[PDB]
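# A look at the structure
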Amino acid sequence: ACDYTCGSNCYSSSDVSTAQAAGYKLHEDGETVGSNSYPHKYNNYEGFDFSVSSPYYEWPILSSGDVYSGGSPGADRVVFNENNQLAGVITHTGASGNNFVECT
Ligand SMILES: Nc1nc2c(ncn2[C@@H]2O[C@H](CO)[C@@H](O)[C@H]2OP(=O)(O)O)c(=O)[nH]1
Ligand SMILES: [Ca+2]
């Protein structure tokens with residue numbers, strides 16, 4: 001079973017932890033990857049009720065199991081905060097335009 005289901009993509013907690021670790025490291029070093037410059041601030045326009053405090057940052061999580069290194073980020077993202085706490089896993093899949101919905 002999936003710990004997180006983003007549309008058709010299935011993620012385990014280990015997938016999320018691995019992605020989050022990579023994104024947080026880049027954040028701490030002040031570096032980015034990809035044309036969209038990940039990780040970058042997640043403004044939470046959607047208004048999700050995260051259990052952890054902001055600021056929030058988003059980083060792609062890939063269905064391939066590999067850590068994002070550039071190129072197309074796909075539709076899924078892990079959101080973490082300044083303390084490297086997981087806020088949630090969200091996706092553009094099933095959402096209009098560039099909006100996000102939470103993975104289940
Ligand atoms: N929907 C949404 N997009 C955000 C938010 N913060 C940053 N963005 C980024 O701004 C772009 C245009 O709104 C979105 O595609 C998204 O980039 P990502 O695709 O990199 O997540 C947010 O809180 N909500
Ligand atoms: Ca996996």
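Residues numbered from 1 in each chain as written, not as in the entry; some residues may be left out. Chains lettered and ligands numbered in written order. Heavy atoms only, no water. Residues with missing side-chain atoms left out of burial classes, pairs and counts.

- Per the PDB record, this model was obtained through X-ray crystallography at a reported resolution of 1.234 Å.

## Details of the coordination of the calcium ion (ligand 2)
- Listed as protein donors to the calcium ion (ligand 2) are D15 (OD) and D15 (OD); their distances from the metal cover 2.4 to 2.6 Å.
- Within the secondary structure, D15 is located in helix α1 (residues 13-29). (Donors = N, O, S within 2.8 Å, 3.2 Å for Na, K, Ca; no water. Helix = DSSP H or I, 4+ residues; strand = E, 2+ residues; numbered from the N terminus.)

## Things to note about the sheet that holds strand β4 (residues 56-60)
- Spatial ordering of the open sheet is given by β3-β4-β5-β6-β7, a layout of 5 strands whose pairing is antiparallel. Strands at the two margins of the open sheet, each flanked by one partner only, are β3 (40-42) and β7 (101-102).
- By the bridge criterion, 5 bridges tie strand β5 (residues 76-81) to strand β6 (residues 86-91) in an arrangement that is antiparallel. Each bridged residue has a counterpart across the sheet, and for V78 the counterpart in β6 is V89.
- Sheet strands in contact with α1 are β4, β5 and β6, and its direction is about 60° off that of β5. (Pairing = 2+ DSSP bridges. Contact = heavy atoms within 4.5 Å. Axes fitted to C-alpha atoms, helices over the stretch in contact; angles between N-to-C directions.)

## Considering α1
- For α1, which comprises 17 residues, the first-to-last C-alpha distance of 24 Å matches the rise-based estimate of 24 Å (1.5 Å per residue) to within 8%.
- Within two residues after α1, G30 carries a phi angle of roughly 70°, on the positive side. (Expected span 1.5 Å × (residues − 1).)

## Some details on the site of ligand 1
- Of all residues adjacent to ligand 1, which total 14 residues, the nearest are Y38, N44, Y45, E46 and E58.
- One nitrogen or oxygen atom from the side chain of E46 is found 2.6 Å from a nitrogen atom belonging to ligand 1.
- A distance of 3.3 Å separates an oxygen atom of ligand 1 from a polar side-chain atom of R77.
- Among the elements that make up the shell around ligand 1, the one with the highest residue count is β3 (3 residues).
- Along the lines of polarity and charge, the residues of the shell around ligand 1 split into 4 nonpolar, 6 polar and 4 charged. (Near = heavy atom within 4 Å. Polar contact = N/O pair within 3.5 Å; in protein donor to acceptor, adjacent residues only side chain to side chain. Nonpolar A, V, L, I, M, F, W, Y, C, P; charged D, E, K, R; others polar.)

## Considering the side chain of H27
- Relative to the assigned elements, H27 resides in helix α1.
- On the basis of relative accessible area, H27 is assigned to the buried category, the value being 19%.
- A distance of 2.8 Å separates the side chain of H27 from the side chain of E82, its partner in a polar contact.
- Excluding residues that lie within four positions of it along the chain, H27 makes contacts with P39, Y57, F80 and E82. (Buried < 20%, exposed > 50% of the residue type's maximum accessible area, 1.4 Å probe, protein only.)

## Structural notes on the UniProt feature "disulfide bond" in the protein
- Of the disulfides listed in UniProt, the one joining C2 and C10 is reproduced in the coordinates: its sulfurs are separated by 2.0 Å, less than 2.5 Å.
- Between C6 and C103, where UniProt annotates a disulfide, the S-S separation is 2.0 Å; being under 2.5 Å, the link is counted as present. On the criterion of sequence distance, the pair formed by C6 in strand β1 (residues 4-6) and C103 in the segment after β7 is long-range, its members being 97 residues apart. Across the pair, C103 and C6 agree in class, each one buried. (Disulfide = S-S within 2.5 Å. UniProt positions renumbered as here; feature names shortened; annotations may be inferred.)

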